[PDB]
Amino acid sequence: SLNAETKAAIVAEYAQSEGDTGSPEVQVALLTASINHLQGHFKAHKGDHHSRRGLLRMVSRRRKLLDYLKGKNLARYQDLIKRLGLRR
Amino acid sequence: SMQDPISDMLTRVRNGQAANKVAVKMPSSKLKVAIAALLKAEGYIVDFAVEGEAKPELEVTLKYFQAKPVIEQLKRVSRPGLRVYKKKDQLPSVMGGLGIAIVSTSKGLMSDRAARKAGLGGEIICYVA
RNA sequence: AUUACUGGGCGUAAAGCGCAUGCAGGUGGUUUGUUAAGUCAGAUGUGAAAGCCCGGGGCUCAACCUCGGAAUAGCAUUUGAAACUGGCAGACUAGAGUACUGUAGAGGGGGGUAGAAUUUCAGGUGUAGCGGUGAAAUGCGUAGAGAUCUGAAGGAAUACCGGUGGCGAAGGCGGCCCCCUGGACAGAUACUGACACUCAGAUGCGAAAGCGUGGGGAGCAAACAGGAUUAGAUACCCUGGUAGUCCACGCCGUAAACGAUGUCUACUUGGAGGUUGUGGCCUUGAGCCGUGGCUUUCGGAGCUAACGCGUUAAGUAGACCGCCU
RNA sequence: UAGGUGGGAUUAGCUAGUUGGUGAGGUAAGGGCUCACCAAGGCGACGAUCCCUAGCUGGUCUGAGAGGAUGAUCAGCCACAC
């Protein structure tokens with residue numbers, strides 16, 4: 001859904017280093033973008049229960065990564081939250 | 001998840017001996033190597049060897065005698081889900097003293113015999129017989 | 001060992017939640033240092049006396065009385081040990097995840113459309129049956145049936161392909177096309193650095209029937225009616241037939257929701273298949289050989305009361321949950 | 001003060017001197033012990049609250065043990081005296 005250009009915009013924006021794909025920051029930002037995009041789908045497709053299971057895995061995974069980072073660097077955690085608009 | 005590497009070591013040995021495998025390899029670790037050293041000392045394995053620097057592997061050479069495997073029993077005792085610590089006067093005897101129990105004392109990892117002689121208790125790792 | 005900590009179970013004997021997500025909890029890879037909470041060792045204080053136990057002692061013996069010890073598995077304070085567990089501060093990349101590019105697929109949601117067939121209807125032809133069954137009757141037909149041709153209108157389902165094929169957590173998913181969308185898998189390189197596993201409670205999804213509201217209604221068919229069968233026939237069979245079956249949006253929350261088999265992880269002989277990637281070779285000729293994912297079957301050890309299970313375990317172990325008595 | 005010491009979740013919320021503060025009083029003595037005042041705390045799934053049962057312990061009985069059962073006589077503690 002998120003294609004490659006939109007991903008790369010994000011992966012470049014939130015990268016904590018050079019060609020970082022894998023930081024919490026990148027991962028969470030991508031998941032946030034996927035989740036936000038998919039909100040349109042489920043407004044139009046409430047019965048799409050099967051895709052929603054995949055939406056909720058992203059929601060779950062975000063949390064886990066966010067709980068990680070908060071556990072590591074609380075300041076990074078506080079940044080990421082603010083930049084993304086998450087009330088975690 | 002694998003949440004008990006030691007038990008995995010023991011399983012690998014127990015299953016190797018069962019399958020009449022010459023040696024068994026596993027991801028190494030300090031405690032695995034320490035165990036392997038004691039098992040060599042007590043004559044239950046032939047030898048061990050830790051290859052690799054990045055991701056070190058341990059290779060226990062298994063021991064057979066009269067084409068039966070030397071290790072009959074290899075029971076893990078102190079699991080992660082239930083640790084087992086015994087005082088010196090309460091150390092387990094295995095196969096009526098003819099098997100060992102690998103204790104981890106604060107002066108290292110030793111058989112229950114050597115622990116009793118040392119007047120140390122500790123954590124009971126496993127019974128070898 | 002019949003509540004099993006010691007010391008049990010859950011395929012079929014009672015027992016795996018229908019499936020999943022997940023907070024608390026439980027558990028957790030590798031490694032350096034430190035700490036010493038758990039752990040271990042010792043000291044000191046205490047742990048009443050009696051009792052119990054071991055040595056004695058005294059009653060003629062014994063019960064009984066009695067001396068000393070041991071014991072009181074603990075707790076407090078304190079001193080050490082630092083392997084293991086924990087904490088704290090780092091480190092690591094094997095777990096877990098990310099980025100890239102592909103691949104297969106009835107995965108899901110939405111919309112459209114095609115062809116076959118059924119029914120109804122209209123007209124043409126046609127003329128006495130048709131239909132049904134074990135036989136028959138109800139029914140239909142001379143007001144023209146059934147058959148046959150043409151057309152129309154509707155609804156539902158998608159022959160062949162089609163497969164112990166595929167996809168999905170499970171329930172489940174089958175014409176074709178588009179739109180929206182989830183997951184899996186492989187290759188390659190780079191990334192993060194244990195971010196994990198399981199989950200009480202909770203939340204969500206969950207066949208068919210059923211329920212609400214509004215539609216739709218070809219076919220089928222609970223109920224119901226009639227005809228048979230029968231001793232009876234509130235059935236089986238036949239002729240009809242309504243709800244329902246279909247759509248929208250809710251509700252319900254259950255099934256032999258089954259593999260009657262929880263999830264995750266590692267390890268342990270083989271044989272024959274299917275399917276979906278990928279690499280190599282000379283594609284020297286459809287192939288052959290590697291390397292992954294998923295799946296089917298037969299069997300070895302082992303396991304099992306047996307039947308059987310057997311690398312997709314019911315084998316060997318670990319973590320956690322559910323459950324039995 | 002801490003830990004330990006029955007059963008029941010078909011008992012999940014309970015508390016408002018309640019929880020803490022300040023001051024005063026009060027006591028042999030600390031203390032919501034009491035009152036006034038200020039604040040809104042406190043407890044609870046490591047089961048509060050409620051209900052049922054029950055004196056506790058040293059011990060006693062059973063058991064290979066781990067346990068299970070029990071708390072006459074004796075001794076310690078507690079409570080009670082129509």
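Reckoned from all heavy atoms, side chains included, excluding hydrogens, waters and symmetry mates. Residue numbering restarts at 1 for every chain, and letters A, B, ... go by the order of the sequence lines.
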Whether B:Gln17 side chain and B:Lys63 backbone form a donor-acceptor pair below 3.5 Å: yes
Presence of B:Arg83 side-chain N/O under 4.0 Å of C:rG28 phosphate oxygens OP1/OP2: yes
Side-chain heavy atoms of A:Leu31 within contact of A:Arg61, under 4.5 Å: yes
North or south sugar for C:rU150 (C1'-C2'-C3'-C4' positive means north): north
Short side-chain to backbone donor-acceptor contact, A:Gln16 and A:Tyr14, under 3.5 Å: yes
Heavy-atom donor-acceptor pair, B:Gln3 side-chain to C:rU27 base, under 3.5 Å: yes
Stacking status of neighbours C:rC236 and C:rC237 at 5.5 Å and 30°: no
Presence of donor-acceptor pair under 3.5 Å, side chain of B:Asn15 and base of C:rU316: yes
Distance-only donor-acceptor test, A:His50 side-chain atoms vs C:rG171 base atoms, 3.5 Å: yes
Wobble or Watson-Crick pair present, C:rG244 with C:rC84, both under 3.5 Å: no
North (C3'-endo side) or south (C2'-endo side) for C:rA94 via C1'-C2'-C3'-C4': south
Intrastrand stacking D:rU60, D:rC61, 5.5 Å centres and 30° planes: yes
Residues B:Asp8 and B:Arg12 bridged, charged N to O under 4.0 Å: yes
Side chain of A:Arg57 (C-beta onward), nearest among C:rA184, C:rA99, C:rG318: C:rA184
Pairwise 5' ranking along RNA chain C for A:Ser1 and B:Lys32, keeping only the more 5' one: B:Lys32
Watson-Crick or G-U pairing of C:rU239 with C:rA24, both H-bond distances under 3.5 Å: no
Under 3.5 Å donor-acceptor pair, B:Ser106 side-chain atoms to C:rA83 base atoms: no
Partner check C:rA196 against C:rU27: Watson-Crick or G-U, both under 3.5 Å: yes
Pair test for C:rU164 and C:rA41: Watson-Crick or G-U wobble, both under 3.5 Å: no
Any B:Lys88 side-chain nitrogen or oxygen under 4.0 Å from OP1 or OP2 of C:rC40: no
Neighbour stacking check for D:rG65 and D:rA66, 5.5 angstrom and 30 degree cut-offs: yes
Validation row: B:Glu57, B:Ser28 side chains within 4.5 angstrom (heavy atoms): no
Presence of A:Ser60 side-chain N/O under 4.0 Å of C:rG22 phosphate oxygens OP1/OP2: yes
is_stacked(C:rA228, C:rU229) at 5.5 Å centroid, 30° plane limits: yes
First encountered from the 5' end of RNA chain C, between B:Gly119 and A:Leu38: B:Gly119
Conformer about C1'-N of C:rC195 - syn within 90° of 0, anti elsewhere: syn
Watson-Crick/G-U partner (both atom distances under 3.5 Å) of C:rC264: C:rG318
G-U wobble or Watson-Crick pair formed by C:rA96 and C:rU192 (both under 3.5 Å): yes
Classification of the C:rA82 sugar, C1'-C2'-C3'-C4' positive north, negative south: south
Between D:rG20 and D:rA2 - P atom distance, rounded Å: 13 Å
Which nucleotide in C:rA196, C:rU39, C:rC180 has an atom nearest any side-chain atom of B:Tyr85: C:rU39
Side-chain-base donor-acceptor pair under 3.5 Å for A:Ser23 and C:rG193: no
Watson-Crick or G-U wobble pair, C:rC309 with C:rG18, both distances under 3.5 Å: no
Check: B:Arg113 side chain, B:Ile100 main-chain N or O, donor-acceptor pair, under 3.5 Å: no
Under 3.5 Å donor-acceptor pair, A:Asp48 side-chain atoms to C:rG108 base atoms: yes
Below 4.0 Å: OP1/OP2 of C:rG110 and any side-chain N or O of A:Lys46: no
Expected output: side-chain B:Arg76 to main-chain B:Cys126 donor-acceptor under 3.5 Å: no
Nearest-Å distance for atom pair CZ/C1', residues A:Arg52 and C:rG183: 16 Å
side-chain N/O B:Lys30 vs C:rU32 OP1/OP2, d < 4.0 Å: yes
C1'-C2'-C3'-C4' sign verdict for the sugar of C:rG162, north or south: south
Under 3.5 Å for both distances: C:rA306 and C:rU12 as a Watson-Crick or G-U pair: yes
C:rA260 and C:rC264, which share atom name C1', separated by this distance in whole Å: 23 Å
Presence of B:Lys25 side-chain N/O under 4.0 Å of C:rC267 phosphate oxygens OP1/OP2: no
